[PDB]
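>>> Sequence, then the experimental structure. Questions to follow.
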Amino acid sequence: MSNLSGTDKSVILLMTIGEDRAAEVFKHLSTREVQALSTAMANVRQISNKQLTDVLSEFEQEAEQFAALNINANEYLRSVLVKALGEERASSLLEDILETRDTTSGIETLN
Amino acid sequence: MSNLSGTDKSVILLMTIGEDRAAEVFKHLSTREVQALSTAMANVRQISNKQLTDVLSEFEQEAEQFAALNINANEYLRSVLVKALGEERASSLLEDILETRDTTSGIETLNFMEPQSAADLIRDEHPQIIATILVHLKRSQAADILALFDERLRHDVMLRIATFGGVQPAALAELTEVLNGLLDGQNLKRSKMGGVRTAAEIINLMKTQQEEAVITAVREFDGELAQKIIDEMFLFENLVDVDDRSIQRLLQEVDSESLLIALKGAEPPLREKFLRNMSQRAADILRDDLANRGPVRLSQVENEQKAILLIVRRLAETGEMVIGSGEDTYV
Amino acid sequence: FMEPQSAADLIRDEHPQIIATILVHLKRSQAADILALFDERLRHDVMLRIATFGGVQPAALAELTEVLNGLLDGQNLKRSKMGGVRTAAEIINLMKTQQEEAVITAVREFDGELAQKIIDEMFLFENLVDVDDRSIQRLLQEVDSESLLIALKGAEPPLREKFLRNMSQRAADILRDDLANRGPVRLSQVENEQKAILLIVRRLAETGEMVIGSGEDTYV
Amino acid sequence: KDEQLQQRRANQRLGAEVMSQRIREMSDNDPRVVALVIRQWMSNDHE
Amino acid sequence: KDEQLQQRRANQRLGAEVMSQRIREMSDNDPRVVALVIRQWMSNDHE
Amino acid sequence: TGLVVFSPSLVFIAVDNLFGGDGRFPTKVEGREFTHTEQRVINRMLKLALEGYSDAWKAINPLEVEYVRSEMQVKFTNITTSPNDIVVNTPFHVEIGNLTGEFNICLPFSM
C-alpha cells in the first residue's frame, strides 16, 4: 500500500471512468478543487495495477455507502417554492437562498 | 551478481527490445535522462549471459508489477476540458496546466513570457547575445520579439542568426545564470482573463443608444477594432432565434450560392431552421446542394456569413425584422 | 576535434616543420581546413615539408605533445553548434510579410548567396502538398514535363500522388509510367529541377495566382 | 511459477476491467453521486 | 560435463530469447509503460 | 588607485567572438551601457589583465592588484584629487584578424 494521496486517487478514478463521465463529475465540482485535480492529473504518475485495484475497490465501497437521494437538490427547491408561494415569493426566497452563499472576495460583492 | 548499475541495465533493455521499441521508449523520456542513457550506451561494456538474464528477469518483474493505466494521460486533459467548459476555457486551463511545470532556466521563462517585455529586456543586449537568446526560444516567441525591434537591429540580429558560429560553454552558462537572476522575480503570468468577446458581449446588453454610441466611439478610435467587436456582437447563432419571418425576409435578399456556402458551416439546427420555412422545392434543392457540393474553405464560408450578416444588419436598421435576445415565448 | 580557425591561429606562429608535424597527426579534413586558412607562402612551405617529411625524433615529439597538452589543458572547447542556418529561415517564415521581405532584402544586400540559401530553406520541398490542388493545376501549366519527371523522382509518394491526382488521367498515367520507367537521376539534377520549379512557384505567388499558407485549409 | 504469476495478473486485470465497467455504469447513472464521493475524498485528503 | 554445460547454456539462451520476444511484445503494446518503468529504474539508481 | 580602460570596440569584439560571432560582421558601436553578461565578460578579461600585470610587475616589484568596481563615465571615477593632477597612461592596440580595439592603463603619478 503505497502512500497514494486521495487527490491522485481521485485523478485515477477520473481516468478510469471515461471522458464524458469525467466531464459530468467535473460539472459538480468547485473551481478550486477543479484546479487542484487538474494539476494533480498534470503531474500524475502512472499507477501500478495493484494500487489501481486497491483505489477502485475502496472507491466502490465509498460510492456504495454514500449513494442516495441527490435527486433534484436545486430544481426541487424552485418547484416547491413556486407551487407553494407563487412565482414572485418563490423568486425572492430563491434569491435569498443563493445569496446566503457568501463571496470570498469583494469583487463578487460588487456583482 | 555483478555491480550492474541501473542505467547500464536500462541500456541493456533498450538494446534488447529493438530499434523501433527503443525509439518509442525514448520518446517518453526527458532530455537529461536521454543524455545520461546516451553516455551509458556510449561507454557500454559487454554484459554476460547470466547478468543479461538477471536484468531481464527483474525488469519483467518490475513491468508486470507496475504496468497499468497510462491510457490517455495528456489528451484526457484536452478532451475532458473541451467537453466540460468549451474550447476557450479548456485552452485556458490547459495553458495553466502546461505552465505549472516550471522551467529550470530563465531562458524558457523568456519563451513563456510576453514578447513585448522580452523585446524591452533584450533591446540593449549585445546583438550576438540577442541572437543567442533568440535561437533558444520557441520560434513564435523569437519571431514576435523580432517584429518589435527596429529595422536595423533586427537586420543585424537575423544576420548573426544565420552566420552563427558557436557560443562558448562558459559564455552560455554565465548568460543563463544572469538571465536566471534577472527573471528570478516571482512569477510573470500576465492574466489573459478578459478582453474581446467580453467587450462585445457587454455592449450587447445595455441600451441601444448607449451601445451605438460606444461602437461609434470604438469605430472612431479604431475601425478594425469596431468591426471585430460588431462581428462578436452578432455571432452566427442567434439566426435560429431571430425566428421564421426574418428567415423568410432574408431569403429574398440572400444569394443562393452565398447561402449554400454559409450553410455548410452552419449547424444542423440552423440549417433546418432556414430550410423548413420556405417552399418545399427550394428547401429540397438547397438540401441537395448542401449534400452534393464538396467542402468549402472556412474563409469563404465566413465571407458569405459576413455578407449575409451585413444584409441582416441592414434590414434590421430598416426595421423589417426583429433581433431580440429575449426568446419569443409562444402560448 | 576543435575548430580549424582557432587551430590555424594557434599554429601560425609555430615553426613550419612543427606545423607540418602537427598537421600530419590530425584527421585529413582538419589538416586541409587549417591549410585553407594559412597564407599562400606558409601553406606552400608546410605542404612541401609534408611531402619531404623525414622523421621527427621521439624526444622531440614527446616534448611537442606535452607542450600541446599543457596549452590545451583549458577545460573543454566544445563550441556549441546549436543554432544558425535552417533556424534563421524558419524564423523569417513567421513574422509579417513586410518584415520578412525587408529581412530577405537586407540579407541579400549583405550577402546574396546567404539570402539564396535562406530562401531555399524558407520554402522547403514539403509545403507543395499543403499548397492545395489549384496551385498544382496552375503550376502544371508552367512546369516542363522533363523537369517535373526529374523532380518527382526525389519527391515523396504522398507529394507524387498529390501532384498526379489533380490533372487528367492520361497525363497522370504517362507521368507515373515515366517515373517508374526512367532510371535513377542524380540528386544534383533533381534539386536543380526542384529549384527551377520553386522559382516558378515564387513567381506565380508574387503574381498572386496561388496561395502559400502555413495554416492548413480546414474543410467542412 | 511464471505461468501462475501471469494468470494471476490476468485474473486481476479482468476483475479490474469488470468492476471498471461497473464504475462506468454507476457514473453514467448518478454522476452527482460520484462527484460528491470524490468531494468526500477531497475533503478527507486534509486529515 | 562439457555437453551438460553447453546444453545448460543453450537452455538459458533459449529462455532468454523467448522472454525477449515477450518483452518485445509488451514494449510494442504499451511503450509508455516500459518508458516509465525505466523511469523508475533511473529514479532508483540514486539510492 | 589605478584604472583599467576597456574600450567599447574591444568589449564588442570580445563578446562577439565569445558568443558565436566570428567577428566578420562590421563593428557597430553606437554608444550604450554594458549589460550584465557584457559585465561578466568585462570581469573575465579584466581578471586576466590584472593577473598578467601582476606577473609583469613581479619581476621588478611584487604587488597585490585587487579589483574595486566598474564605471561608465569619467566623472564616476575621478582618479585624481584634481583634474590637473599629472597621471600616467599606457595605451595598447589589440588586433585580431581584421578587428581592432584599444585598452589603456591609467596610473596616477603619485602612485
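Sure thing, it's come through. Numbers count the residues shown, from 1 in each chain, chains lettered A, B, ... in the order given.
>>> Kindly export stretch F:46-56 (C-alpha atoms) in PDB.
The C-alpha coordinates for stretch F:46-56 follow below in PDB (Å, rounded to 0.1, in the frame of the first residue of the first chain):
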ATOM      1  CA  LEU F  46      39.900  42.200 -16.600                       C
ATOM      2  CA  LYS F  47      40.900  39.400 -14.200                       C
ATOM      3  CA  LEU F  48      43.200  38.100 -16.900                       C
ATOM      4  CA  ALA F  49      44.700  41.600 -17.400                       C
ATOM      5  CA  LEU F  50      45.300  42.100 -13.700                       C
ATOM      6  CA  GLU F  51      46.900  38.700 -13.300                       C
ATOM      7  CA  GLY F  52      49.200  39.400 -16.300                       C
ATOM      8  CA  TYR F  53      50.000  42.900 -15.000                       C
ATOM      9  CA  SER F  54      50.900  41.500 -11.600                       C
ATOM     10  CA  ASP F  55      53.100  38.900 -13.200                       C
ATOM     11  CA  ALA F  56      54.800  41.500 -15.300                       C
END
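>>> in it, what's buried?
F:49-50 (16 or more other C-beta atoms under 10 Å in any protein chain shown). Quick note: C-beta positions are derived from backbone N, CA and C, even for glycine.
>>> do the same with stretch A:49-69
A:49-56, A:59-60, A:62-63, A:67.
>>> Show me which helix runs longest in chain F.
If you go by DSSP state H, chain F has its longest helix at helix F:36-58.
>>> Could you give the number of residues near residue 17?
As the question left the chain open, I've gone with chain A. 23 (other C-beta atoms under 10 Å in any protein chain shown).
>>> Not quite, go with chain D.
11.
>>> go on, residue A:25?
Counted with other C-beta under 10 Å, residues neighbouring residue A:25 total 26.
>>> before we move on, what about residue D:47?
Neighbour tally, residue D:47, other C-beta under 10 Å: 4.
>>> do the same with residue F:99
19.
>>> If I follow the layout properly, it ends up in contact with residue F:27?
Yes - using C-beta atoms under 8 Å, residue F:99 is in contact with residue F:27, at 6.5 Å.
>>> Which parts of whichever helix or strand residue A:81 is part of count as buried, going by neighbours?
Take DSSP states H and E as the rule and residue A:81 turns out to sit in helix A:75-100. Residues of helix A:75-100 classed as buried by neighbour count (16+ other C-beta under 10 Å): A:78, A:81-82, A:90, A:93.
>>> counting contacts, what elements does the helix or strand that it is followed by pack onto?
Heading C-terminal from helix A:75-100, the first helix or strand you meet, by DSSP H and E, is helix A:106-110. Judged by 3 or more C-beta pairs under 8 Å, 6 or more residues apart in numbering or on different chains; DSSP states H and E, helix A:106-110 is in contact with no other helix or strand.
>>> Would you pull up how far helix A:106-110 lies from the middle of the chain?
24 Å (C-alpha atoms, centre = their mean, to the nearest Å).
>>> what comes into contact with that helix?
Outside of helix A:106-110, the residues within contact range by C-beta atoms under 8 Å, 6 or more residues apart in numbering or on different chains are residue A:103.
>>> which one of the buried residues of stretch A:49-69 sits closest to chain C?
Nearest to chain C among the buried residues of stretch A:49-69 is residue A:52, at 38.9 Å by C-beta to the nearest C-beta.
>>> close to chain B, is the helix holding residue A:81?
No - contact of helix A:75-100 with chain B (C-beta under 8 Å from any C-beta of the partner chain) is absent, the minimum separation being 14.3 Å.
>>> Contact partners for residue F:29?
Residue F:29 neighbours (C-beta under 8 Å, 6+ apart): F:8-9, F:12.
>>> what would those residues look like in JSON lines with distance to chain B?
What follows is those, written out as JSON lines (distance: C-beta to the nearest C-beta, whole Å):
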{"residue": "F:8", "distance to chain B": "11"}
{"residue": "F:9", "distance to chain B": "13"}
{"residue": "F:12", "distance to chain B": "7"}
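>>> Where helices are concerned, which of those count?
Among the contacts of residue F:29, the residues falling in helices (DSSP H) are F:8-9, F:12.
>>> all helices of chain D, in order?
Using DSSP H, helices in chain D cover D:2-29, D:31-44.
>>> Would you mind saying which of these lies nearest residue A:24?
Closest to residue A:24 of the helices of chain D is helix D:31-44 (C-beta to C-beta; 3.8 Å).
>>> So what touches the closest one?
A:6-7, A:9-10, A:13-14, A:17, A:21, A:24-29, A:33, A:36-37, A:59, A:62-63, A:66-68, A:70, A:73, D:26-27.
>>> Helices - which of these land there?
The helices, defined by DSSP H, take in A:6-7, A:9-10, A:13-14, A:17, A:21, A:24-27, A:33, A:36-37, A:59, A:62-63, A:66, D:26-27 from the contacts of helix D:31-44.
>>> Next, give phi and psi for residue F:3.
Per-residue torsions, residue F:3: phi -140, psi 140 (degrees, to the nearest 10).
>>> what's the closest residue to residue F:88 other than its chain neighbours in contact with, if anything?
Spatial nearest neighbour of residue F:88, excluding adjacent residues (C-beta to C-beta, 6 or more residues apart in numbering or on different chains): residue F:107 at 4.9 Å. Shown in contact with residue F:107 (C-beta under 8 Å, 6+ apart): F:2-3, F:87-88.
>>> Now, those residues that are in helices?
Reading helices off those, I find no matches (DSSP H).
>>> Please indicate which of these are buried?
By neighbour count, with 16+ other C-beta under 10 Å, these hold F:3, F:87 as buried.
>>> taking the contacts of residue F:107 one by one, which sit in strands?
F:3, F:87-88 (DSSP state E).
>>> of all the ones in helices among the contacts of residue F:29, which comes closest to residue F:95?
Nearest member of these to residue F:95, counting by C-beta to C-beta, is residue F:9, at 11.2 Å.
>>> returning to what we had before: give me the common contacts of residue F:99 and residue F:27.
F:9, F:13, F:16.
>>> Narrow these to just the buried residues.
Among the shared contacts of residue F:99 and residue F:27, those buried by neighbour count (16+ other C-beta under 10 Å) are F:9, F:13, F:16.
>>> Could you export these as a markdown table, including distance to residue E:14?
Listed next are these as a markdown table, based on distance: C-beta to C-beta, whole Å:
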| residue | distance to residue E:14 |
| --- | --- |
| F:9 | 74 |
| F:13 | 68 |
| F:16 | 64 |
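>>> can you redo those residues as JSON lines with distance to chain C?
Shown next, in JSON lines, are those (distance: C-beta to the nearest C-beta, whole Å):
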{"residue": "F:9", "distance to chain C": "20"}
{"residue": "F:13", "distance to chain C": "14"}
{"residue": "F:16", "distance to chain C": "14"}
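>>> residues in contact with residue F:100?
F:9, F:93-94 are the contacts of residue F:100 under C-beta under 8 Å, 6+ apart.
>>> Please apply the same query to residue A:39.
Going by C-beta under 8 Å, 6+ apart, the list of residues near residue A:39 reads B:97, B:100.
>>> if I look at the residue nearest to residue A:93 when sequence neighbours are not counted, how far off is chain C?
Sequence neighbours aside, residue A:81 is the residue nearest to residue A:93 in space, at 5.3 Å (criterion: C-beta to C-beta, 6+ apart). Counting by C-beta to the nearest C-beta, to the nearest Å, the gap between residue A:81 and chain C amounts to 46 Å.
>>> cool, residue A:89 as well?
Taking C-beta to the nearest C-beta, one finds residue A:89 at 50 Å from chain C.
>>> count of neighbours near the residue of chain A found nearest chain C?
Residue nearest to chain C within chain A: residue A:19 (23.1 Å; C-beta to the nearest C-beta). Residue A:19 is flanked by 16 other residues according to other C-beta under 10 Å.
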